[PDB]
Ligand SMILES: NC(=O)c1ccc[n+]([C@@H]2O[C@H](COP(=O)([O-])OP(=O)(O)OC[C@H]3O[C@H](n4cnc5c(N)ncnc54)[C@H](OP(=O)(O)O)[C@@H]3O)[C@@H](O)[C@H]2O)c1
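The chain below stands alone, shown as structure tokens; this is the form deposited without the ligand.
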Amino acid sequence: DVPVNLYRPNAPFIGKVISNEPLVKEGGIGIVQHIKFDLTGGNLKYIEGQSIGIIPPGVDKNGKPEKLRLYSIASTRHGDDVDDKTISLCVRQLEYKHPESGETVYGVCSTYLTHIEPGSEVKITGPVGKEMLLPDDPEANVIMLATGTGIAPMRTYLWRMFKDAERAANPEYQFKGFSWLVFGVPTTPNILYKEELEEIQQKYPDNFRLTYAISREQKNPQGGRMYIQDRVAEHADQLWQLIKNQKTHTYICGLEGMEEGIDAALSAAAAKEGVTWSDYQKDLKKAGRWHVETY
């Protein structure tokens, strides 16, 4: 009943770029684009929390065709315009060091996507993923722990929960639980969707809490840069409390290696009550209340 693999790599959907807009403001690090695609003509359906594949043009440094890369869907099932006709992605351009054969490497698919023009056709596969789905229970608590482009799934949840047009379109889901986004980025110009996140937090002060960890502007208690694990350690007790509720779901998304500082913070909070976190967490995973997607 969750749509999966409506389109596959041997016969992808050919969508058209509608728009490609920058999300990183002046003064920020790197390039992150919000890219919307037109889905009319195909039967690509998807829900919140899933990914799609993009097949980039070209051959690797071997003569072999490029393989797909997966991207978290950044729009709800209805699209940004709530018309059931489009799909959006949140794509950071990958590039890294000079001292690295050839010197200065650009990711193939992320560079392709971040510089793609309106009107261009793209090969799209999917949707894929059953690990990051939102419960259809409007009384759920939803903890969201994101870094960088890991905001993408979180945006689909929050938009479904709190956008007026979404609430009008989803009569069956009128969110009245509590949700808390902890969001780690390097700078304030790097806070993707900042204006819309803060608009939500102002309309729904009792239903949404927003916490940033901005490493180039904030210091942790040890004098280091503020990262998301520092913010989690700061609120570990109240995060642990919320996690004990049977209705609480926790989502973690972003670049790999964020999961370990989060566990250490929740281990110390759980230990105060004679619980072993790593054992409790295994149970949460089995129950489908612990959702992780890192890359």
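Sequential numbering from 1, following the sequence displayed.
There is another form of the same protein, the form solved in complex with the ligand; it is not shown, and what comes next is about it.
For the ligand, fitted onto this chain by superposing the C-alphas round its site in the bound PDB entry, the count of atoms within 2.4 Å of backbone or C-beta atoms is zero, giving an open pocket. A single residue from the set 29, 242, 264, 55 has any heavy atom within 4.5 angstroms of the ligand in the bound PDB entry; that residue is 29.
Of the residues given (86, 125, 179, 149), 149 alone sits with a heavy atom within 4.5 Å of the ligand in the bound PDB entry. With the partner omitted here, the stretch from 136-144, 77-85, 220-228, 170-178 that lies within 4.5 Å of the ligand by heavy atoms in the bound PDB entry is 220-228. Contact check for residue 209: every heavy atom lies farther than 4.5 Å from the ligand in the bound PDB entry. Although the partner is absent here, residue 198 sits far enough away that none of its heavy atoms falls within 4.5 Å of the ligand in the bound PDB entry.
The ligand is not shown here, but in the bound PDB entry it comes within 4.5 Å of a heavy atom of residue 95. At least one heavy atom of residue 192 is located within 4.5 Å of the ligand in the bound PDB entry. Within 4.5 angstroms of the ligand in the bound PDB entry, the stretch 181-210 places a non-hydrogen atom from each of 184, 185, 186, 190, 192, taken in sequence order.
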